[PDB]
Structures are given as C-alpha cells and as structure tokens.
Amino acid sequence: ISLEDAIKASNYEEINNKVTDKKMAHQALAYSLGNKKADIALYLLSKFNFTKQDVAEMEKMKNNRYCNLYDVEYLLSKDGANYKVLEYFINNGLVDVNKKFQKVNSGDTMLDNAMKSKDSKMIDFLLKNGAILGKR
C-alpha cells in the first residue's frame, strides 16, 4: 500500500515500516494533516523530533500535493480537526503564529483561518499566543 493509504487506514504497522527517518516523516505528517488524521500526526511527532528546520523542509517537499498547494501554517489551521497538531506546533515554537501565507490566500495568517471558521477554541488559543490578522 502507499504511504498515504496507510495513513488513511491508520495502519500503524505499515506506517512504522515505511517512515524510518525524518525526510519520510515530513511526507507522512503532510498527508496526516491533509487527511485530518490528528492521531497519526501526533504519533509521528512522538516518534520523530520535529524542529523549525523540518517545517522549512516541508515547505519545499517534492510530490506532496498538500505542501505543494498550501503553507504548513495553512494546513495546521484550515480544519479544526487538526487543532491538537496546531497546538503542538505553536507550543513547541515550530511556526511563527503570524507567518503570512505565500502559497494560498497570500497574506493571510492562521488567525484569518480561525476567524473565518468561527472556531472559538482555535481563535482563543491563537489570540493567547499573540496572533494577529494578515495585513494588506
């Protein structure tokens, strides 16, 4: 099965066979965010030590449609199903809360996504961590 198929199926034996280093964990985390598999995302974050450098590398990934179309910060914040992953990334300092999107909705921030979705818990979490809206 493909890596994305294993993630969609929560097939941990196949995920653990396939994801042996951080380069593959980048792909796996992007597919987990794109498919709203927060369980698998947090599993990967418990197995590999993600850093700011890893986020930078995810922004340049080959052949991953989610990181091709979207900023990592957009993936973290567009769907409330990924809130615990957003929490991890902000609490561990892996992303700038006010990064301006470059690949989609250029100039927006994570708080723009949270406000649009009217996700009260995400809005409050972001505001508590200094979030502002994108400028123009």
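The first residue of the sequence shown is number 1, and the count goes up from there.
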Return whichever of 39 to 47 and 53 to 61 has the greater mean Cα B factor according to the PDB record. 53 to 61
Averaging C-alpha B-factors over each stretch, which comes out higher, 102 to 110 or 83 to 91? 102 to 110
Using the B-factor values recorded in the entry, state whether the Cα atom of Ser32 falls in the lowest, middle or highest third among the modelled residues of its chain. lowest
Using only modelled residues of the chain, where does the Cα B factor of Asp21 rank: lowest third, middle third or highest third? lowest
How does the C-alpha B factor of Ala6 compare with the rest of the chain: lowest, middle or highest third? lowest
